[PDB]
Q: 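For reference, the structure I am asking about is given below.
Each ligand, and each atom within it, is numbered from 1 in the order the structure gives. Throughout, protein chains are lettered first and strands after them, A, B, ... in sequence-line order, and every chain is numbered starting at 1.
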Number of protein chains: 2
Amino acid sequence: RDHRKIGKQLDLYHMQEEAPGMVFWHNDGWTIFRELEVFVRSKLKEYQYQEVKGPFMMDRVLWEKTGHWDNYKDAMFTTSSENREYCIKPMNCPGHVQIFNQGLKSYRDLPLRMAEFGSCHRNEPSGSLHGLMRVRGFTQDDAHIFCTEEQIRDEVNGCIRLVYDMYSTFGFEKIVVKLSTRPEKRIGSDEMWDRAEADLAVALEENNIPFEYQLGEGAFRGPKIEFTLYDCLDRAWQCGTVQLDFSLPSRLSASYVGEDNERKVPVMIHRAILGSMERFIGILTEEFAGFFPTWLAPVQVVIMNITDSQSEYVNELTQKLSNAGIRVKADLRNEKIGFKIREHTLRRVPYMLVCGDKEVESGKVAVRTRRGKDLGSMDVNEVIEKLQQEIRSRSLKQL
Amino acid sequence: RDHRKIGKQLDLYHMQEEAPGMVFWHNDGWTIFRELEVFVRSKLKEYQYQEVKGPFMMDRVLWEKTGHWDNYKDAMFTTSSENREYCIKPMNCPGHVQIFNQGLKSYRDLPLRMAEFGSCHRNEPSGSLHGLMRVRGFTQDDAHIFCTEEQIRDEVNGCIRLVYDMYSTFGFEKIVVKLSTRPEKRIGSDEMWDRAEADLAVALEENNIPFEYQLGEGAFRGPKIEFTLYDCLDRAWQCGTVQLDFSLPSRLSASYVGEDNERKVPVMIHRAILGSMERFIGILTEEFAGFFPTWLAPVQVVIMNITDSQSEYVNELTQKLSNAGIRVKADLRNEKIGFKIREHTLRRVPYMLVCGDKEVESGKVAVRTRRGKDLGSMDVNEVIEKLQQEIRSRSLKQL
Ligand SMILES: *C(=O)[C@@H](NC(=O)c1cccc(O)c1O)[C@H](O)Cc1ccc([N+](=O)[O-])cc1
Ligand SMILES: *C(=O)[C@@H](NC(=O)c1cccc(O)c1O)[C@H](O)Cc1ccc([N+](=O)[O-])cc1
Ligand SMILES: [Zn+2]
Ligand SMILES: [Zn+2]
C-alpha cells in the first residue's frame, strides 16, 4: 500500500523534476480520474448542481479585491502580460462569484449550487511534495452554494448527506467530523454568526453526527466543518470541507433581490467532498492496493486465445464487449495461457476471458478472476450483463 | 449569426477585462463543451486513442530543449518558483513525449496514438482577441501519433477519415484540403522527406481528396496538411491539421526498439480535428444560430403545467425523463402556458411538454417544438424513446 509504487507498477502516472508537484496522468491513471468525475457528476445531478469552468489565470487586482492576496501571495504563481499582473488561480471561489455576478439574481434563483472540476495551482515548497498527496497542481471536486441565511440548514444538510453518501461508495464508513471555533478576529456581525451556528448545530443534530471541536483558531470569514475518513488501515484522511463565507460575496459585489425587494448579499458556502482528486486517487490506490473495483479499474477485461485459431473469435468478443461499454483489451500475443493470465493478474485486471477451441464452438467463454477464482464457461451475453451490473452499481467486489 | 450575441442570449459564457482572452464557461455553455468531449471521446475509442493529461506548466529548460522557445517565446506565459522558470504550456506536444519516454518502447507498441483535451495558453496581443474565435486560453482536441516511417500512410488515412467523419456529424460536408510545400530550411534527410511525401500523396489519392498547395513556406520539421470546412453561409473555417514531425522526437530523446533490434527514433504526427474547441463552439453557435441540435442543446426538454394541479404530475415527468438521460427542466412558474412556451422557444429549447388536466388523466403529454410545430399528445414512454434516438444518433433535425 504505497500509491507511488503501485502507480508505477500499473502505469497510472509519473512525475519528473521539470514540473515538480504536477502529475503526468497516463492513459490508465486518467481512466481512473475520469471515472471519478463521472461518479461526482452523477451525484451533482442528484443535488441539482451547475457545472462551470473558470479561467486559469485572473487579474491580480481581482485577487487583491478578495483579500486572499495578502494572506496567500506566497503560495500563488504569478505571471504577466502587457504591463499587467495575473495569478494562476489557487482557488475556484472568485471565478464562481464572477459567473454569479453575470445577470440579475433574485431570491427565486437561490439556492444556487455551482460546481467545477477546477484545476488549481499552489507554489508549495518543493521539499514538502510527496506523490499525489502533496502536489502543486490539483483538481478539486469543488462547489459553491449561494443561498440566504434561512437556507443554511437545508444546504448544510445536503452537503452532509453528500459526504456520507459519497465516502460510502468507496467503502469509507468510519467518518470523524470536526467543527471550528469562532476566532477573535472575524468578519460579519455577531448575530449573523449566532444564527448560522444554530443552523449548523441543528443540521449536525438532524443527521445524528457526533462532532468534536478543533483547537485551530478557525476561519475568520465563517464557521467551518471538516470531514475525516478512515481507510482499511484505520488511517485518518481529511477530505471533506463545508466552509461558510460572509466575507467574499460582499467583497466581490455579489447580490440578489430578496422577497422584500431589498438588495441583499448572498451567503456563500464552499464545499468539497473528496478534496484534491489527485490525492483521493492516491488514497484509493493504497486502499485497494491496486485491486481497483471493476468500475474504477483501467482495463476491466482481457480476452486471450490459446492459439491463432481462436484469435479471430477473440477479436469479435472484444468488439462485442466494447460496444457494451466495457473497457476491454485483446491479448493475442504468442505466449501461452498460463503466462498471460499471470501477467494480467499481476496488473490487477478484474476479469480474464479464456477462449479455447471448446469456447469458440460453444459460443461461451472461460472466465478467470484476478484473485484466481475460476467461474468456468459462461454465456457471452450473461457475462456482459453481470459486468454491466457490477459497473453500474459501482460494486466493491466481484462475482 | 453572431456567436458573442447568442452566447449572451443563451447564458452560454462570458468574458471580462480581468482575464482577457479566457472564457468563463457558464453551466449551459459548459454543457455544450462537455458534450463535444463525449463526441470526440467516442471517436477516439473507434480509432484506439489513449487519453492523457499533462501538467499545465513545465520547466523552461525543457521548452528550450524543444526549440520552440526561440520561435515562440513571445507567445508563452512565463512564471517562476524557487529560482526556476516555468512556462504555462502553449502546446501539448512535449508533454506527450514525456509520457511516451516513460518505459521502454518496442516496435510492437507502434502506432501509439495519444490524445488529450489539453488546456493551452498563448500571450496573444489583447487587440487581436475576439469572442471565442481568438482567445488566450483554449482547449484543443489534440492528439499525437508515434509511428514508424512505414505506418505514415495508414496513420494519415485514419486522420483523413477522422476529419471527414467528424465534420459531417455537424453538417459540414464542403471541405477544402491544402498541402504544404517543403521549405529551404528543413529538419531531416531529403530521403525521409521524399518517402513521407509519397505516403501523404498515396493517402490523399486513396481517399480521393482534391488538394491544393499553400503559398506559405511550410513547416521545417515536416509536411503539413490543413483541413478547411465551410458553414451554411459558405464561410471557410480552417480547423483540422495533420502535421508530421521529424524534429521533436529526436530532440526530446524519444526512441523505440525496431524489429531489427536497432534503436530508432519514432515518427511523430500532430493532429487536431476541430482545433480550438472554444472556437469550434462559436462556429457551431453561428452555424445553428442558437438552434443547437438536440444532443448539443443545453436544456433539451422543458415540462410545464397549466395550473398547480398538474404541478406534481410535471415533477414526476421531469424525474422520469432525467433518469432516461435527458437534460430536462420543470417550469412550474405562475405564468400561463403561452408565456412559458414563448420564453422557452426564445431560449431555443428543442422540445416542450405541456401538461394539462387531459394530459394528467391520460398519462400522455402534449408536445411542442421550438420551431412552433405541434406534435400533439404522445405517450410518455414513446416520447422518451424518440428523444433518446435523436440524442444517441446525434441527429441534426427534430421529429
Ligand atoms: C476560505 O475561503 C478557504 N476556502 C476553502 O476552504 C474551500 C474549500 C473547498 C472548496 C472551496 O471552494 C473553498 O473555497 C481557504 O481559502 C482555503 C485555502 C487555503 C489556502 C490556500 N492557499 O493559497 O495556500 C488557498 C485556499
Ligand atoms: C509544429 O509543431 C506546430 N504544431 C501543430 O501544428 C499542432 C497542431 C495540432 C495538434 C498538435 O499537437 C500540434 O503539435 C506548431 O508548433 C503549432 C504552434 C504554432 C504557434 C504556437 N505559438 O506558441 O503561438 C504554438 C504552436
Ligand atoms: Zn470556494
Ligand atoms: Zn503536437
Side-chain angles (χ1 to χ4, degrees), chain A residues 63 66-69 71-77 87-97 114-116 118 120-124 136 140-145 159 180 187 218-222 224-226 239-248 268-276, chain B residues 63 66-69 71-77 87-97 114-116 118 120-124 136 138 140-145 159 180 187 218-222 224-226 239-249 268-276:
Chain A
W63 289 104
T66 61
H68 285 303
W69 177 254
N71 303 343
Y72 310 124
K73 35 160 82 143
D74 279 24
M76 262 182 318
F77 280 100
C87 288
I88 280 58
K89 69 164 148 92
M91 29 183 309
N92 293 304
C93 320
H96 294 200
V97 186
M114 199 182 284
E116 160 173 14
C120 287
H121 296 75
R122 304 238 179 79
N123 196 0
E124 296 304 327
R136 285 183 180 178
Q140 225 172 229
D141 60 328
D142 184 13
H144 312 71
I145 301 155
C159 291
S180 265
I187 281 63
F220 47 103
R221 58 184 128 28
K224 182 174 107 234
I225 311 192
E226 295 201 318
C239 303
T241 323
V242 177
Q243 166 83 72
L244 267 73
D245 200 333
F246 311 117
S247 180
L248 190 68
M268 207 166 135
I269 295 169
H270 317 247
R271 75 120 199 78
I273 315 293
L274 320 165
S276 158
Chain B
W63 289 104
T66 61
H68 285 303
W69 177 254
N71 303 343
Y72 310 124
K73 35 160 82 143
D74 279 24
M76 262 182 318
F77 280 100
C87 288
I88 280 58
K89 69 164 148 92
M91 29 183 309
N92 293 304
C93 320
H96 294 200
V97 186
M114 199 182 284
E116 160 173 14
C120 287
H121 296 75
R122 304 238 179 79
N123 196 0
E124 296 304 327
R136 285 183 180 178
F138 59 105
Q140 225 172 229
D141 60 328
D142 184 13
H144 312 71
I145 301 155
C159 291
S180 265
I187 281 63
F220 47 103
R221 58 184 128 28
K224 182 174 107 234
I225 311 192
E226 295 201 318
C239 303
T241 323
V242 177
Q243 166 83 72
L244 267 73
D245 200 333
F246 311 117
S247 180
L248 190 68
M268 207 166 135
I269 295 169
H270 317 247
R271 75 120 199 78
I273 315 293
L274 320 165
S276 158

Q: Strictly inside 4.0 angstrom of atom 15 (C) of ligand 2, do you find any protein heavy atom?
A: yes
Q: Write out the residue and atom name of the closest protein heavy atom to atom 6 (O) of ligand 1, then the distance separating them to 0.1 Å.
A: A:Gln243 CB, 4.5 Å
Q: With a 4.5 Å limit on heavy-atom distance, are the side chains of B:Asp74 and B:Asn123 in contact?
A: no
Q: Protein heavy-atom contact under 4.0 Å for atom 3 (C) of ligand 1?
A: yes
Q: Which of the N/O/S atoms in B:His270 sits closest to the Zn ion (ligand 4)?
A: ND1
Q: Between B:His270 and ligand 2, does any nitrogen or oxygen pair lie at a separation below 3.5 Å?
A: yes
Q: Does any part of the side chain of A:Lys73, heavy atoms only, come nearer than 4.5 Å to the side chain of A:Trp63, both counted from C-beta?
A: no
Q: How long is the span from the CE atom in B:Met76 to the CZ atom in B:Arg122, to the nearest 0.5 Å?
A: 10.0 Å
Q: Measure from atom 18 (C) of ligand 1 to every heavy atom in A:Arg221, A:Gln140, A:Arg122, A:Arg271 and give the option owning the shortest one.
A: A:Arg122
Q: Using heavy atoms and a threshold below 4.0 Å, how should the contact between B:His68 and ligand 2 be classified: side chain, backbone, both, or neither?
A: side chain
Q: Measuring from the heavy atoms of B:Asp142, does anything fall under 4.0 Å of ligand 2?
A: yes
Q: Counting each atom of ligand 2 from 1 as listed, which ones have a heavy atom of B:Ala75 under 4.0 Å away?
A: 23 (O), 24 (O)
Q: Out of curiosity, B:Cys120 SG to B:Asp142 CG, how far, rounded to the nearest 0.5 Å?
A: 7.0 Å
Q: First locate atom CE of A:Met268, then atom OG of A:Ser247, and finally report the distance between them rounded to the nearest 0.5 Å.
A: 10.0 Å
Q: Are B:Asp245 and B:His270 linked by a side-chain donor-acceptor pair shorter than 3.5 Å?
A: yes
Q: A:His144 versus ligand 1: do any nitrogen or oxygen atoms come within less than 3.5 Å of each other?
A: yes
Q: Out of curiosity, B:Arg271 CZ to B:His144 NE2, how far, rounded to the nearest 0.5 Å?
A: 9.5 Å
Q: May I ask you to check if any N/O/S atom from B:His144 comes under 2.8 Å of the Zn ion (ligand 4)?
A: yes
Q: Check each of A:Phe220, A:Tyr72, A:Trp69 against atom 20 (C) of ligand 1 and report the one with the nearest heavy atom.
A: A:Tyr72
Q: Side-chain contact, heavy-atom cut-off 4.5 Å: A:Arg221 with A:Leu248?
A: no
Q: Does any part of the side chain of A:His121, heavy atoms only, come nearer than 4.5 Å to the side chain of A:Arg136, both counted from C-beta?
A: no
Q: Is B:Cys93 close enough to touch ligand 2? Criterion: a residue heavy atom under 4.0 Å from a ligand atom.
A: yes
